[PDB]
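Form deposited in one PDB entry, single chain, as structure tokens, below.
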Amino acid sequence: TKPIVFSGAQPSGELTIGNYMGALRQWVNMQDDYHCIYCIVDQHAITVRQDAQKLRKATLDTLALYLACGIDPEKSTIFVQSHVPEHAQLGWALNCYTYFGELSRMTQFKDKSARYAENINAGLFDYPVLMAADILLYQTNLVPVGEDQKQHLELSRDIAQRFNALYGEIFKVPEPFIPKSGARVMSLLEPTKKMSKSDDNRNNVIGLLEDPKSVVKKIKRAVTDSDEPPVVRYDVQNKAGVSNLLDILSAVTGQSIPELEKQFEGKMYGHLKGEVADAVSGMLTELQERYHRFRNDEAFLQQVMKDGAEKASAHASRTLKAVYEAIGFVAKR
């Protein structure tokens, strides 16, 4: 049987080129090599207050966007998190094997709390435990994520090991799969800040479903540096904006930064931004064309959701039963 890949994305905000390069791109390329399972994590999304109509539409938007990226429901399992109760069941049980301090130290909880001081809720704090349940339910070997999720993956490993050490080989210990390019795409006007799918300043982001012409304008206005002469060279410390642009370009074209640096020898930021906008505009145009054929076919989205929840449930129920037997619950009839 193939090793198992699991990963998820929130139906909140609007997925960006950052979400694509750090995660979805890898999701698509691993579908034959591994047994892949991809999740729309609507239970995680509501740790930030959502409008109910927005959340429903965004869940379906996200599903269609997975399909548009090339996630293939005949190859991978695609499902909505709340459709599989085992996620919440194992999440509760794993609370009891997770320490308070492991959660309080989390960068995401601290960043999100500062952004939403009016809604610092227990779900936001408990977020990593539910994520660990997401992963461990499927005997997951590889978890393809961006860099910002490293700390959460590491906790899920610590939980798997702690539980296994008491109870036996109940969980696989997952490993992160973080790309060499595009693991942390940066904001266009603030290249020291991760690109956000919920930025108040849209000029910082390249949304997957955004008008390509709007994206191309945003690329040209991306901040660079004062170097004289202007030089296309990778240096995150001193040339954050140029470096981020090179990263996006490498991640879309598959070309190395060394290659790109040589290609831009004797050129300046106009050539750099012209190729970035060309490559990204082409990607988004093709993506969006596939997207609408999937997004407006409710019967197909309904079918994918149904089959996917059924496949996931068969795996998740097996793991949960072993977990419940190990901790000592009377098994359900």
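We number the residues from 1 along the sequence you see. Superpose the two forms; the largest set of C-alphas matching within 1.5 Å is the rigid core.
> If you average the CA temperature factors over each stretch, which comes out higher, 85 to 93 or 142 to 150?
According to the PDB entry, the answer is 142 to 150.
> Please work out which of 70 to 78 and 248 to 256 has the higher mean CA B-factor as recorded in the PDB entry.
On average, C-alpha B-factors are higher across 248 to 256.
> At the C-alpha atoms, which of 156, 263, 226, 121 reaches the highest B-factor in this entry?
Answer, based on the entry's C-alpha B-factors: 263.
> Highest recorded C-alpha temperature factor, please, choosing from 131, 242, 137, 215.
Comparing C-alpha B-factors across 131, 242, 137, 215, the top value belongs to 215.
> In terms of the CA temperature factor given in the entry, to which third of its chain does residue 167 belong: lowest, middle or highest?
Highest third - that is where residue 167 ends up once the chain's C-alpha B-factors are sorted.
> Which third of the chain holds residue 274 when residues are ordered by C-alpha B factor: lowest, middle or highest?
According to the entry, residue 274 has a C-alpha B-factor in the chain's middle third.
> Could you say whether, by C-alpha temperature factor, residue 288 belongs to the lowest, middle or highest third of its chain?
Its C-alpha B-factor belongs to the highest third of this chain's values.
> Within this chain, which third does the Cα B-factor at residue 211 fall in: lowest, middle or highest?
It belongs to the highest third of the chain when residues are ordered by C-alpha B-factor.
> Taking the chain's C-alpha temperature factors as the reference, tell me which third residue 318 falls into: lowest, middle or highest.
Lowest third, going by the recorded CA B-factors of the chain.
Although it is not shown, the form deposited in another entry is what the next lines describe.
> Core fitted between the shown form and the other one: which of 191, 174, 91, 128 shows a C-alpha shift of 2 angstroms or more?
By this measure, the answer is 191.
> Aligning on the rigid core, do we see the C-alpha of residue 303 shift 2 angstroms or more between the shown form and the other one?
No, the C-alpha moves less than 2 Å.
> Establish whether a shift of 2 Å or more occurs at the C-alpha of residue 25 between the shown form and the other one, with the two forms superposed on the rigid core.
Shift at residue 25: 2 Å or more after core fit.
> Superposing on the rigid core, do we see a C-alpha displacement of 2 Å or more at residue 61 between the shown form and the other one?
No, the C-alpha moves less than 2 Å.
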